[PDB]
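Structure data (mmCIF, C-alpha atoms and all ligand atoms) from work-v3.cif:
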```cif
data_model
#
loop_
_atom_site.group_PDB
_atom_site.id
_atom_site.type_symbol
_atom_site.label_atom_id
_atom_site.label_comp_id
_atom_site.auth_asym_id
_atom_site.auth_seq_id
_atom_site.Cartn_x
_atom_site.Cartn_y
_atom_site.Cartn_z
ATOM 1 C CA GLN A 117 2.674 -24.543 -6.902
ATOM 2 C CA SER A 118 0.667 -24.595 -3.652
ATOM 3 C CA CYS A 119 -1.555 -22.589 -1.248
ATOM 4 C CA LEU A 120 -1.935 -22.684 2.459
ATOM 5 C CA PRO A 121 -4.691 -24.486 4.251
ATOM 6 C CA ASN A 122 -7.859 -22.468 3.888
ATOM 7 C CA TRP A 123 -6.624 -20.566 0.910
ATOM 8 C CA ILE A 124 -8.359 -21.070 -2.453
ATOM 9 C CA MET A 125 -6.462 -21.438 -5.724
ATOM 10 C CA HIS A 126 -7.708 -19.525 -8.676
ATOM 11 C CA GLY A 127 -6.074 -18.209 -11.839
ATOM 12 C CA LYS A 128 -2.577 -17.709 -10.723
ATOM 13 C CA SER A 129 -3.030 -17.022 -7.040
ATOM 14 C CA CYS A 130 -4.124 -18.159 -3.678
ATOM 15 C CA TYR A 131 -6.906 -16.169 -2.026
ATOM 16 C CA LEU A 132 -7.938 -15.953 1.582
ATOM 17 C CA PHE A 133 -11.449 -14.868 2.337
ATOM 18 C CA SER A 134 -11.182 -13.309 5.723
ATOM 19 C CA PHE A 135 -14.460 -13.596 7.494
ATOM 20 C CA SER A 136 -13.285 -11.337 10.231
ATOM 21 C CA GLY A 137 -14.038 -7.690 11.003
ATOM 22 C CA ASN A 138 -11.352 -5.065 10.544
ATOM 23 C CA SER A 139 -10.426 -1.651 9.210
ATOM 24 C CA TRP A 140 -8.928 -1.278 5.707
ATOM 25 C CA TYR A 141 -5.623 -0.767 7.459
ATOM 26 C CA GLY A 142 -6.146 -3.674 9.839
ATOM 27 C CA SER A 143 -7.176 -5.952 6.954
ATOM 28 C CA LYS A 144 -4.078 -4.824 5.208
ATOM 29 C CA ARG A 145 -1.706 -5.554 8.152
ATOM 30 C CA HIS A 146 -3.380 -8.951 8.589
ATOM 31 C CA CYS A 147 -2.794 -10.031 4.949
ATOM 32 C CA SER A 148 0.721 -8.795 5.119
ATOM 33 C CA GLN A 149 1.403 -10.786 8.265
ATOM 34 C CA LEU A 150 0.536 -13.960 6.273
ATOM 35 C CA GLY A 151 2.983 -12.691 3.606
ATOM 36 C CA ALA A 152 0.110 -11.797 1.276
ATOM 37 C CA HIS A 153 -1.612 -8.561 0.303
ATOM 38 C CA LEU A 154 -5.103 -7.259 -0.283
ATOM 39 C CA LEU A 155 -6.830 -8.530 -3.404
ATOM 40 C CA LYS A 156 -5.790 -7.039 -6.721
ATOM 41 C CA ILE A 157 -8.223 -7.618 -9.535
ATOM 42 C CA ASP A 158 -6.397 -7.756 -12.886
ATOM 43 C CA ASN A 159 -8.777 -9.267 -15.464
ATOM 44 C CA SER A 160 -12.483 -10.043 -15.746
ATOM 45 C CA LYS A 161 -11.915 -13.748 -15.111
ATOM 46 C CA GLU A 162 -10.479 -12.892 -11.669
ATOM 47 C CA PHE A 163 -13.226 -10.416 -11.052
ATOM 48 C CA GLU A 164 -15.934 -12.997 -11.804
ATOM 49 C CA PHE A 165 -14.424 -15.543 -9.464
ATOM 50 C CA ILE A 166 -14.209 -13.054 -6.637
ATOM 51 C CA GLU A 167 -17.703 -11.837 -7.479
ATOM 52 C CA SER A 168 -19.084 -15.343 -6.907
ATOM 53 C CA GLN A 169 -17.706 -15.328 -3.503
ATOM 54 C CA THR A 170 -18.779 -11.837 -2.474
ATOM 55 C CA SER A 171 -22.231 -12.067 -3.884
ATOM 56 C CA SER A 172 -22.885 -15.375 -2.136
ATOM 57 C CA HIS A 173 -21.907 -13.721 1.119
ATOM 58 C CA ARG A 174 -23.885 -10.501 0.735
ATOM 59 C CA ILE A 175 -24.261 -10.095 4.571
ATOM 60 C CA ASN A 176 -20.939 -8.372 4.374
ATOM 61 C CA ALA A 177 -18.555 -6.287 2.385
ATOM 62 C CA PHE A 178 -14.960 -7.289 1.664
ATOM 63 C CA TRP A 179 -12.067 -4.803 1.653
ATOM 64 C CA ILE A 180 -9.858 -5.016 -1.382
ATOM 65 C CA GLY A 181 -6.415 -3.657 -2.221
ATOM 66 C CA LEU A 182 -7.679 -0.497 -3.866
ATOM 67 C CA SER A 183 -7.404 3.010 -2.431
ATOM 68 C CA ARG A 184 -6.438 6.615 -3.021
ATOM 69 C CA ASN A 185 -4.600 9.357 -1.155
ATOM 70 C CA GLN A 186 -6.161 12.586 -2.394
ATOM 71 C CA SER A 187 -9.599 12.820 -0.774
ATOM 72 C CA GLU A 188 -10.548 13.219 -4.521
ATOM 73 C CA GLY A 189 -7.579 11.906 -6.576
ATOM 74 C CA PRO A 190 -6.717 8.863 -8.734
ATOM 75 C CA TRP A 191 -7.321 5.230 -7.497
ATOM 76 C CA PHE A 192 -4.335 2.906 -7.287
ATOM 77 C CA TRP A 193 -3.835 -0.771 -6.446
ATOM 78 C CA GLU A 194 -1.895 -2.091 -3.447
ATOM 79 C CA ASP A 195 0.941 -2.878 -5.791
ATOM 80 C CA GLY A 196 0.987 0.798 -6.958
ATOM 81 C CA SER A 197 -0.332 0.108 -10.438
ATOM 82 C CA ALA A 198 -3.008 2.488 -11.734
ATOM 83 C CA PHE A 199 -6.685 1.649 -11.848
ATOM 84 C CA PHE A 200 -8.308 0.916 -15.137
ATOM 85 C CA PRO A 201 -11.985 -0.024 -14.995
ATOM 86 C CA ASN A 202 -12.055 -3.067 -17.277
ATOM 87 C CA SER A 203 -14.026 -5.218 -14.950
ATOM 88 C CA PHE A 204 -15.876 -2.677 -12.863
ATOM 89 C CA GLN A 205 -16.105 0.988 -11.904
ATOM 90 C CA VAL A 206 -16.042 2.236 -8.292
ATOM 91 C CA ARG A 207 -19.457 3.383 -7.032
ATOM 92 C CA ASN A 208 -20.759 6.497 -5.130
ATOM 93 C CA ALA A 209 -18.708 8.703 -7.442
ATOM 94 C CA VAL A 210 -20.371 12.179 -7.554
ATOM 95 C CA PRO A 211 -18.053 14.948 -6.099
ATOM 96 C CA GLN A 212 -19.745 15.576 -2.644
ATOM 97 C CA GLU A 213 -20.597 12.008 -1.496
ATOM 98 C CA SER A 214 -17.081 10.701 -2.365
ATOM 99 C CA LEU A 215 -15.431 13.003 0.244
ATOM 100 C CA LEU A 216 -13.399 10.875 2.829
ATOM 101 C CA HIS A 217 -14.322 7.639 1.095
ATOM 102 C CA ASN A 218 -10.875 6.643 -0.024
ATOM 103 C CA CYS A 219 -10.776 2.883 0.436
ATOM 104 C CA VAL A 220 -12.551 0.355 -1.731
ATOM 105 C CA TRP A 221 -14.602 -2.632 -0.740
ATOM 106 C CA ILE A 222 -16.812 -5.139 -2.542
ATOM 107 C CA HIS A 223 -20.354 -5.640 -1.257
ATOM 108 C CA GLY A 224 -22.572 -8.097 -3.144
ATOM 109 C CA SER A 225 -21.593 -7.436 -6.787
ATOM 110 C CA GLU A 226 -20.620 -3.805 -6.476
ATOM 111 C CA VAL A 227 -17.411 -2.092 -5.689
ATOM 112 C CA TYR A 228 -17.882 1.066 -3.517
ATOM 113 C CA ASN A 229 -15.582 3.679 -2.027
ATOM 114 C CA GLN A 230 -15.893 3.715 1.702
ATOM 115 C CA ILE A 231 -14.395 5.388 4.716
ATOM 116 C CA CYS A 232 -11.068 3.619 5.203
ATOM 117 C CA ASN A 233 -11.562 2.541 8.732
ATOM 118 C CA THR A 234 -14.976 1.085 8.656
ATOM 119 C CA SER A 235 -14.799 -2.392 10.073
ATOM 120 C CA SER A 236 -15.390 -5.205 7.613
ATOM 121 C CA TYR A 237 -14.251 -8.449 6.063
ATOM 122 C CA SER A 238 -11.453 -8.656 3.551
ATOM 123 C CA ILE A 239 -9.742 -10.726 0.914
ATOM 124 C CA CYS A 240 -6.006 -11.445 0.799
ATOM 125 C CA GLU A 241 -4.113 -12.554 -2.255
ATOM 126 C CA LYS A 242 -0.782 -14.279 -2.661
ATOM 127 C CA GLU A 243 0.513 -14.666 -6.219
ATOM 128 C CA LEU A 244 2.286 -17.811 -7.493
ATOM 129 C CA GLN B 117 19.569 -16.278 3.475
ATOM 130 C CA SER B 118 20.454 -14.044 0.468
ATOM 131 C CA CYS B 119 19.976 -10.832 -1.634
ATOM 132 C CA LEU B 120 19.848 -10.037 -5.283
ATOM 133 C CA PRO B 121 22.707 -8.374 -7.058
ATOM 134 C CA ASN B 122 22.754 -4.734 -6.096
ATOM 135 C CA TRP B 123 20.631 -5.149 -3.077
ATOM 136 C CA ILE B 124 22.406 -4.452 0.209
ATOM 137 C CA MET B 125 21.826 -6.653 3.255
ATOM 138 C CA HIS B 126 21.187 -5.105 6.613
ATOM 139 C CA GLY B 127 19.460 -6.290 9.814
ATOM 140 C CA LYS B 128 16.746 -8.574 8.590
ATOM 141 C CA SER B 129 16.467 -7.252 5.076
ATOM 142 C CA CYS B 130 17.644 -6.611 1.574
ATOM 143 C CA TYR B 131 17.481 -3.035 0.313
ATOM 144 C CA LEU B 132 17.577 -1.434 -3.076
ATOM 145 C CA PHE B 133 18.459 2.181 -3.380
ATOM 146 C CA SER B 134 16.852 3.168 -6.559
ATOM 147 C CA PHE B 135 18.351 6.113 -8.431
ATOM 148 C CA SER B 136 15.511 6.533 -10.937
ATOM 149 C CA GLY B 137 13.081 9.346 -10.795
ATOM 150 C CA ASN B 138 9.521 8.210 -10.301
ATOM 151 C CA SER B 139 6.346 9.099 -8.521
ATOM 152 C CA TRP B 140 5.441 7.552 -5.220
ATOM 153 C CA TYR B 141 3.056 5.285 -7.128
ATOM 154 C CA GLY B 142 5.663 4.558 -9.739
ATOM 155 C CA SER B 143 8.334 3.795 -7.141
ATOM 156 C CA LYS B 144 5.868 1.563 -5.372
ATOM 157 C CA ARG B 145 5.139 -0.359 -8.603
ATOM 158 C CA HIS B 146 8.833 -0.797 -9.406
ATOM 159 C CA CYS B 147 9.619 -2.315 -5.979
ATOM 160 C CA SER B 148 6.677 -4.554 -6.261
ATOM 161 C CA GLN B 149 7.776 -5.753 -9.645
ATOM 162 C CA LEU B 150 11.045 -6.981 -8.124
ATOM 163 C CA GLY B 151 8.902 -8.774 -5.578
ATOM 164 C CA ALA B 152 9.483 -6.234 -2.790
ATOM 165 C CA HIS B 153 7.837 -3.202 -1.217
ATOM 166 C CA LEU B 154 8.783 0.359 -0.411
ATOM 167 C CA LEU B 155 10.927 0.827 2.686
ATOM 168 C CA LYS B 156 9.366 0.277 6.091
ATOM 169 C CA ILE B 157 11.396 1.509 8.990
ATOM 170 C CA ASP B 158 10.809 -0.600 12.103
ATOM 171 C CA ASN B 159 13.368 1.016 14.478
ATOM 172 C CA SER B 160 16.347 3.223 15.174
ATOM 173 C CA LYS B 161 18.900 0.775 13.878
ATOM 174 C CA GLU B 162 17.157 0.497 10.518
ATOM 175 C CA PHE B 163 16.662 4.198 10.468
ATOM 176 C CA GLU B 164 20.299 5.003 11.048
ATOM 177 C CA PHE B 165 21.474 2.640 8.330
ATOM 178 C CA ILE B 166 19.050 4.199 5.856
ATOM 179 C CA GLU B 167 19.895 7.658 7.130
ATOM 180 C CA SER B 168 23.557 7.342 6.141
ATOM 181 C CA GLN B 169 22.592 6.385 2.633
ATOM 182 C CA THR B 170 20.133 9.249 2.380
ATOM 183 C CA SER B 171 22.489 11.853 3.890
ATOM 184 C CA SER B 172 25.341 10.837 1.599
ATOM 185 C CA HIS B 173 23.100 11.422 -1.371
ATOM 186 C CA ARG B 174 21.503 14.765 -0.443
ATOM 187 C CA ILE B 175 21.026 15.730 -4.151
ATOM 188 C CA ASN B 176 17.807 13.721 -4.186
ATOM 189 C CA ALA B 177 15.049 12.571 -1.908
ATOM 190 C CA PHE B 178 14.004 8.909 -1.637
ATOM 191 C CA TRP B 179 10.365 7.809 -1.576
ATOM 192 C CA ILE B 180 9.530 5.432 1.262
ATOM 193 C CA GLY B 181 6.607 3.211 2.141
ATOM 194 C CA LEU B 182 4.710 5.674 4.287
ATOM 195 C CA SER B 183 1.551 7.476 3.186
ATOM 196 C CA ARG B 184 -1.826 8.578 4.396
ATOM 197 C CA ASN B 185 -5.277 8.372 2.819
ATOM 198 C CA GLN B 186 -6.827 11.616 3.698
ATOM 199 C CA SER B 187 -5.353 15.102 3.551
ATOM 200 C CA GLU B 188 -5.185 15.206 7.397
ATOM 201 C CA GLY B 189 -5.312 11.620 8.668
ATOM 202 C CA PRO B 190 -3.125 8.954 10.319
ATOM 203 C CA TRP B 191 0.147 7.854 8.585
ATOM 204 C CA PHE B 192 0.409 4.146 7.782
ATOM 205 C CA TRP B 193 3.149 1.918 6.404
ATOM 206 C CA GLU B 194 3.059 -0.098 3.140
ATOM 207 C CA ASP B 195 2.133 -3.075 5.225
ATOM 208 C CA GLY B 196 -0.819 -1.420 6.973
ATOM 209 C CA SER B 197 0.869 -1.093 10.354
ATOM 210 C CA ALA B 198 0.344 2.310 11.982
ATOM 211 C CA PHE B 199 2.969 5.038 12.275
ATOM 212 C CA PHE B 200 4.703 5.521 15.583
ATOM 213 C CA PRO B 201 7.441 8.172 15.715
ATOM 214 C CA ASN B 202 10.168 5.885 17.178
ATOM 215 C CA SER B 203 12.987 7.075 15.135
ATOM 216 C CA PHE B 204 11.750 10.276 13.507
ATOM 217 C CA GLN B 205 8.701 12.498 12.929
ATOM 218 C CA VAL B 206 7.212 13.580 9.524
ATOM 219 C CA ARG B 207 7.891 17.303 8.689
ATOM 220 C CA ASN B 208 6.026 20.336 7.262
ATOM 221 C CA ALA B 209 3.474 19.362 9.869
ATOM 222 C CA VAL B 210 1.049 22.274 10.600
ATOM 223 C CA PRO B 211 -2.580 21.423 9.440
ATOM 224 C CA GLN B 212 -2.641 23.937 6.454
ATOM 225 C CA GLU B 213 0.742 23.660 4.685
ATOM 226 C CA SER B 214 0.668 19.807 4.519
ATOM 227 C CA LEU B 215 -2.677 19.603 2.583
ATOM 228 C CA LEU B 216 -2.291 17.396 -0.588
ATOM 229 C CA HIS B 217 0.966 16.018 0.834
ATOM 230 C CA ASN B 218 0.088 12.421 1.607
ATOM 231 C CA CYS B 219 3.214 10.482 0.688
ATOM 232 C CA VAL B 220 6.506 10.481 2.569
ATOM 233 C CA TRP B 221 10.062 10.715 1.373
ATOM 234 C CA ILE B 222 13.483 11.069 3.010
ATOM 235 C CA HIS B 223 15.709 13.944 1.919
ATOM 236 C CA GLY B 224 19.144 14.256 3.582
ATOM 237 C CA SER B 225 18.360 13.384 7.211
ATOM 238 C CA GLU B 226 14.789 14.571 7.391
ATOM 239 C CA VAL B 227 11.508 12.871 6.637
ATOM 240 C CA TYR B 228 9.012 15.160 4.799
ATOM 241 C CA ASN B 229 5.498 14.647 3.481
ATOM 242 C CA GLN B 230 5.059 15.523 -0.197
ATOM 243 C CA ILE B 231 2.747 15.568 -3.246
ATOM 244 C CA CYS B 232 2.505 11.814 -4.059
ATOM 245 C CA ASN B 233 2.950 12.597 -7.672
ATOM 246 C CA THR B 234 6.379 14.252 -7.432
ATOM 247 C CA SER B 235 9.353 12.624 -9.093
ATOM 248 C CA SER B 236 12.134 11.153 -7.021
ATOM 249 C CA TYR B 237 14.333 8.302 -6.088
ATOM 250 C CA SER B 238 13.164 5.536 -3.853
ATOM 251 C CA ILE B 239 14.172 2.712 -1.577
ATOM 252 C CA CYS B 240 12.786 -0.863 -1.820
ATOM 253 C CA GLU B 241 12.799 -3.519 0.822
ATOM 254 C CA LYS B 242 12.399 -7.278 0.832
ATOM 255 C CA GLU B 243 12.678 -8.959 4.229
ATOM 256 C CA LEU B 244 14.643 -12.220 4.596
HETATM 257 O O1 LIG A 301 2.785 -5.724 -3.333
HETATM 258 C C1 LIG A 301 2.747 -6.755 -4.328
HETATM 259 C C2 LIG A 301 3.911 -7.712 -4.105
HETATM 260 O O2 LIG A 301 3.843 -8.233 -2.782
HETATM 261 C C3 LIG A 301 4.998 -9.003 -2.454
HETATM 262 O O3 LIG A 301 4.920 -9.407 -1.088
HETATM 263 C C4 LIG A 301 5.208 -8.608 0.058
HETATM 264 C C5 LIG A 301 5.246 -9.496 1.298
HETATM 265 O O4 LIG A 301 6.381 -10.367 1.230
HETATM 266 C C6 LIG A 301 5.326 -8.653 2.565
HETATM 267 O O5 LIG A 301 5.295 -9.501 3.711
HETATM 268 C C7 LIG A 301 6.433 -9.277 4.540
HETATM 269 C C8 LIG A 301 7.010 -10.616 4.987
HETATM 270 O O6 LIG A 301 7.579 -11.291 3.860
HETATM 271 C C9 LIG A 301 8.078 -10.417 6.055
HETATM 272 O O7 LIG A 301 8.552 -11.692 6.503
HETATM 273 O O8 LIG A 301 7.517 -9.702 7.153
HETATM 274 C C10 LIG A 301 7.143 -8.375 6.784
HETATM 275 C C11 LIG A 301 6.699 -7.607 8.024
HETATM 276 O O9 LIG A 301 5.752 -8.392 8.759
HETATM 277 C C12 LIG A 301 6.032 -8.423 5.739
HETATM 278 O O10 LIG A 301 5.737 -7.093 5.296
HETATM 279 O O11 LIG A 301 4.220 -7.754 2.604
HETATM 280 C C13 LIG A 301 4.278 -6.800 1.545
HETATM 281 C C14 LIG A 301 3.170 -5.768 1.724
HETATM 282 O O12 LIG A 301 1.897 -6.424 1.706
HETATM 283 C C15 LIG A 301 4.155 -7.512 0.201
HETATM 284 O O13 LIG A 301 4.313 -6.557 -0.854
HETATM 285 C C16 LIG A 301 5.058 -10.235 -3.351
HETATM 286 O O14 LIG A 301 6.263 -10.961 -3.085
HETATM 287 C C17 LIG A 301 5.010 -9.846 -4.827
HETATM 288 O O15 LIG A 301 4.824 -11.020 -5.626
HETATM 289 C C18 LIG A 301 3.877 -8.865 -5.100
HETATM 290 O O16 LIG A 301 3.997 -8.356 -6.433
HETATM 291 CA CA CA A 302 -4.979 -10.377 -8.810
HETATM 292 CA CA CA A 303 12.218 -2.620 7.653
HETATM 293 CL CL CL A 304 -1.992 -4.544 0.757
HETATM 294 CL CL CL A 305 5.031 -0.666 -1.510
HETATM 295 CL CL CL A 306 12.715 13.858 13.537
HETATM 296 CL CL CL A 307 15.886 15.822 10.956
#
```

As structure tokens, what does this structure read like?
Ligand SMILES: OC[C@H]1O[C@@H](O[C@@H]2[C@@H](O)[C@H](O[C@@H]3[C@@H](O)[C@H](O)O[C@H](CO)[C@H]3O)O[C@H](CO)[C@H]2O)[C@H](O)[C@@H](O)[C@@H]1O
Ligand SMILES: [Ca+2]
Ligand SMILES: [Ca+2]
Ligand SMILES: [Cl-]
Ligand SMILES: [Cl-]
Ligand SMILES: [Cl-]
Ligand SMILES: [Cl-]
Amino acid sequence: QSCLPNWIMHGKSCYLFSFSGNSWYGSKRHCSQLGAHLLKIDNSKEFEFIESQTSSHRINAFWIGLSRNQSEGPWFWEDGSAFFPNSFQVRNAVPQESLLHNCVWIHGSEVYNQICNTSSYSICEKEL
Amino acid sequence: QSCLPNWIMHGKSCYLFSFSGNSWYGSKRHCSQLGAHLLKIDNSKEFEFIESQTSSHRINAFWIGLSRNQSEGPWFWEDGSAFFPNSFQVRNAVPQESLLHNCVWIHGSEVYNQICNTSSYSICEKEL
């Protein structure tokens, strides 16, 4: 069971911390080109591991595999599974200030909705 | 290089034509559980192959891996790559009638946007 150079092993996956600017869509294409996808956070153990990385690189936010279609509809993971907030809840959530913010990134220790094509860093995940 | 039972080979890929009603999200999940994604159509040859399966099964529509994130914003594929209308264009297209329709499905020979939540068949794809 093995990961590429520069990918970290944790839990049951290999993660790539992409220190390189990009839209949510761009980030997505980029992970998918390495045969991965954007990060999916299943349990709190995974969350905590990721959170160590993001919070020790607070200069920047990292796109994750979470988004929605309806400019105010339900969040869903890259794999299409539904969002349940057992590790975190998505922030900036009041009606008005959520408008157009349909992609999710992590910045520091928080997970925010953000305008999908803001440029940022990202995290890919390949399962084992 | 090989496909699972019931998946059909064509061009570079294995396909599964899934006759089970499900939402776009649902369909997406199901593909992903078999270790695949929803259909991504990279050219006319792929389109035409798909198109004869969809037109010979006009009773239902088939979800595909194309969606957008904001009620009037750019279409993107499951993989993050942007939509170019090489083989077809998305239909019901005037700014007002396609609000809340941010997922795409194929019905007969036409590619429509729809309410992501609607129930339907779907097509999965795993590239060799
Ligand atoms: O979505 C969760 C699901 O992802 C599955 O992986 C696929 C990737 O295999 C795929 O990458 C494709 C390459 O394999 C192929 O060679 O090239 C095409 C086009 O460049 C790539 O799309 O990317 C999709 C979308 O990110 C992934 O879903 C995993 O196998 C599976 O374990 C996981 O559940
Ligand atoms: Ca995960
Ligand atoms: Ca394809
Ligand atoms: Cl993804
Ligand atoms: Cl998909
Ligand atoms: Cl057309
Ligand atoms: Cl048509």

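CA of residue 117 in chain B lies 16.3 Å from CA of residue 132 in chain B.
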
query: Residues picked by the PyMOL selection byres (((not hetatm)) within 12 of (chain A and resi 303)) here, as a PyMOL selection string?
result: chain B and resi 125-131+152-166+180-182+193-195+197+239-244

message: Taking (5.5, 8.3, -9.1) as a centre in this file's frame and 8 Å as the limit, can you find every polymer residue with an atom that close, using all atoms listed in the file, and give them as a PyMOL selection string?
response: chain B and resi 137-144+232-236

List the residues selected by the PyMOL selection byres (((chain B and resi 179) around 6) and not hetatm) in the file shown, writing them as a tab-separated table (two decimals) with C-alpha atoms, in the coordinates of the input.
```
chain	number	residue	atom	x	y	z
B	178	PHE	CA	14.00	8.91	-1.64
B	180	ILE	CA	9.53	5.43	1.26
B	221	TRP	CA	10.06	10.72	1.37
B	238	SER	CA	13.16	5.54	-3.85
```

message: Residues near residue 172 in chain A, anyone? I mean within 8 Å using all atoms listed in the file, not counting same-chain ones fewer than 3 positions away, as a ChimeraX atom specification.
response: /A:168-169,224

Save range 138-159 of chain B to disk from that block, N, CA and C atoms included, as a PDB file, in the first residue's frame.
```
ATOM      1  N   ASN B 138     -32.260   7.666  -9.560  1.00  0.00           N
ATOM      2  CA  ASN B 138     -31.473   8.273  -8.497  1.00  0.00           C
ATOM      3  C   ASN B 138     -31.255   9.743  -8.776  1.00  0.00           C
ATOM      4  N   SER B 139     -30.911  10.510  -7.761  1.00  0.00           N
ATOM      5  CA  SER B 139     -30.685  11.907  -8.032  1.00  0.00           C
ATOM      6  C   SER B 139     -29.343  12.038  -8.769  1.00  0.00           C
ATOM      7  N   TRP B 140     -28.993  13.255  -9.121  1.00  0.00           N
ATOM      8  CA  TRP B 140     -27.675  13.488  -9.629  1.00  0.00           C
ATOM      9  C   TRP B 140     -26.647  13.125  -8.563  1.00  0.00           C
ATOM     10  N   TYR B 141     -26.955  13.433  -7.300  1.00  0.00           N
ATOM     11  CA  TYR B 141     -25.975  13.280  -6.233  1.00  0.00           C
ATOM     12  C   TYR B 141     -25.855  11.804  -6.022  1.00  0.00           C
ATOM     13  N   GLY B 142     -27.018  11.162  -5.892  1.00  0.00           N
ATOM     14  CA  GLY B 142     -27.130   9.734  -5.751  1.00  0.00           C
ATOM     15  C   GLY B 142     -26.348   9.015  -6.826  1.00  0.00           C
ATOM     16  N   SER B 143     -26.665   9.298  -8.092  1.00  0.00           N
ATOM     17  CA  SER B 143     -25.977   8.679  -9.219  1.00  0.00           C
ATOM     18  C   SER B 143     -24.480   8.838  -9.106  1.00  0.00           C
ATOM     19  N   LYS B 144     -24.078  10.046  -8.745  1.00  0.00           N
ATOM     20  CA  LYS B 144     -22.669  10.351  -8.545  1.00  0.00           C
ATOM     21  C   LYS B 144     -21.996   9.445  -7.504  1.00  0.00           C
ATOM     22  N   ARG B 145     -22.726   9.215  -6.409  1.00  0.00           N
ATOM     23  CA  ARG B 145     -22.252   8.425  -5.261  1.00  0.00           C
ATOM     24  C   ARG B 145     -22.054   7.005  -5.741  1.00  0.00           C
ATOM     25  N   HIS B 146     -23.120   6.443  -6.315  1.00  0.00           N
ATOM     26  CA  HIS B 146     -23.126   5.093  -6.879  1.00  0.00           C
ATOM     27  C   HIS B 146     -21.940   4.794  -7.834  1.00  0.00           C
ATOM     28  N   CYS B 147     -21.674   5.655  -8.797  1.00  0.00           N
ATOM     29  CA  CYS B 147     -20.497   5.495  -9.634  1.00  0.00           C
ATOM     30  C   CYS B 147     -19.227   5.426  -8.850  1.00  0.00           C
ATOM     31  N   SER B 148     -19.159   6.337  -7.897  1.00  0.00           N
ATOM     32  CA  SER B 148     -17.970   6.511  -7.118  1.00  0.00           C
ATOM     33  C   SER B 148     -17.723   5.298  -6.202  1.00  0.00           C
ATOM     34  N   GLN B 149     -18.810   4.707  -5.736  1.00  0.00           N
ATOM     35  CA  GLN B 149     -18.690   3.487  -5.013  1.00  0.00           C
ATOM     36  C   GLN B 149     -18.136   2.340  -5.820  1.00  0.00           C
ATOM     37  N   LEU B 150     -18.370   2.296  -7.130  1.00  0.00           N
ATOM     38  CA  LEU B 150     -17.755   1.247  -7.949  1.00  0.00           C
ATOM     39  C   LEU B 150     -16.366   1.692  -8.381  1.00  0.00           C
ATOM     40  N   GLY B 151     -15.867   2.747  -7.775  1.00  0.00           N
ATOM     41  CA  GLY B 151     -14.563   3.263  -8.152  1.00  0.00           C
ATOM     42  C   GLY B 151     -14.556   3.915  -9.511  1.00  0.00           C
ATOM     43  N   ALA B 152     -15.601   4.661  -9.848  1.00  0.00           N
ATOM     44  CA  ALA B 152     -15.674   5.365 -11.137  1.00  0.00           C
ATOM     45  C   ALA B 152     -16.251   6.743 -10.873  1.00  0.00           C
ATOM     46  N   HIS B 153     -16.569   7.443 -11.958  1.00  0.00           N
ATOM     47  CA  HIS B 153     -17.202   8.747 -11.917  1.00  0.00           C
ATOM     48  C   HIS B 153     -18.376   8.834 -12.890  1.00  0.00           C
ATOM     49  N   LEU B 154     -19.149   9.901 -12.837  1.00  0.00           N
ATOM     50  CA  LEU B 154     -20.155  10.073 -13.852  1.00  0.00           C
ATOM     51  C   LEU B 154     -19.507  10.420 -15.194  1.00  0.00           C
ATOM     52  N   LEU B 155     -20.233  10.136 -16.265  1.00  0.00           N
ATOM     53  CA  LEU B 155     -19.720  10.218 -17.619  1.00  0.00           C
ATOM     54  C   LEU B 155     -19.080  11.562 -17.929  1.00  0.00           C
ATOM     55  N   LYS B 156     -17.914  11.560 -18.555  1.00  0.00           N
ATOM     56  CA  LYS B 156     -17.365  12.793 -19.090  1.00  0.00           C
ATOM     57  C   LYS B 156     -17.124  12.575 -20.565  1.00  0.00           C
ATOM     58  N   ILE B 157     -17.667  13.483 -21.362  1.00  0.00           N
ATOM     59  CA  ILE B 157     -17.648  13.275 -22.795  1.00  0.00           C
ATOM     60  C   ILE B 157     -16.550  14.114 -23.404  1.00  0.00           C
ATOM     61  N   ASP B 158     -15.452  13.502 -23.826  1.00  0.00           N
ATOM     62  CA  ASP B 158     -14.313  14.271 -24.333  1.00  0.00           C
ATOM     63  C   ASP B 158     -14.319  14.521 -25.848  1.00  0.00           C
ATOM     64  N   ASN B 159     -15.281  14.001 -26.605  1.00  0.00           N
ATOM     65  CA  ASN B 159     -15.288  14.280 -28.054  1.00  0.00           C
ATOM     66  C   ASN B 159     -16.443  13.640 -28.788  1.00  0.00           C
TER      67      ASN B 159
END
```
